[PDB]
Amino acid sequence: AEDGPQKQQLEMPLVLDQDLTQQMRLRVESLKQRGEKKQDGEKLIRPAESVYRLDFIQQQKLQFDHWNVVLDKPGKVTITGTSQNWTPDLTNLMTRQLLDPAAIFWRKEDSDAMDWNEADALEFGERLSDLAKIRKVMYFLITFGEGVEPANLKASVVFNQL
């Protein structure tokens, strides 16, 4: 197997889930509004976090090839996955449903080139292939570091068709 471009691939984007990202925003507010307290080991979405959705156009015969994450302005972003068992409509996201490691990308003031934590990013990347089989859709929580926003990001995953 001599790697190259001739191989067939599938790029699947991480679309911003505004409805779901909003649902979690209320939740945090509701609890302040009602001076109420959150469940045990519950994950409350933060202002710097937004929920993203990844739709697996294919589930079988997948091999993680590489992440395709680009920031158009100097900053940092963390892509953390959620359990393929987490039912966003039925239950509140629990801290234990956040996957590890998270894939972290960044760009600096003098570079137009992205750098990241290769190891962890690959670990995470590898898992995605087997997660595609649990269910057709998957969600992630993307934490935008200071200076960046959803407008500045283009995230996707490239898989090799087997």
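The first residue of the sequence shown is number 1, and the count goes up from there.
Enquirer: Averaging only over Cα atoms, indicate whether 65 to 73 or 104 to 112 has the higher B-factor in the PDB entry.
Expert: Higher of the two, by average CA B-factor, is 104 to 112.
Enquirer: Of the two stretches 1 to 9 and 151 to 159, which shows the higher Cα B-factor on average in the entry?
Expert: Here the higher of the two C-alpha B-factor means belongs to 1 to 9.
Enquirer: Of the choices 31, 99, 48, 119, which one's C-alpha carries the largest B-factor in the record?
Expert: Across 31, 99, 48, 119, the entry lists the biggest C-alpha B-factor for 31.
Enquirer: Tell me, lowest, middle or highest third: where does the Cα B factor of residue 57 rank within its chain?
Expert: Highest third, going by the recorded CA B-factors of the chain.
Enquirer: Is the Cα B-factor recorded for residue 26 in the lowest, middle or highest third of its chain?
Expert: It belongs to the highest third of the chain when residues are ordered by C-alpha B-factor.
Enquirer: Quick check for you: using the entry's CA B-factors within this chain, is residue 135 in the lowest, middle or highest third?
Expert: Ranked within chain, residue 135 CA B lands in the middle tercile.
Enquirer: So where's residue 78 on the chain's Cα temperature factor ranking, which third?
Expert: For residue 78, whose C-alpha B-factor we compare with every modelled residue in the chain, the answer is the lowest third.
Enquirer: Relative to the other modelled residues of the same chain, rank the CA B-factor of residue 37 and answer lowest, middle or highest third.
Expert: It belongs to the highest third of the chain when residues are ordered by C-alpha B-factor.
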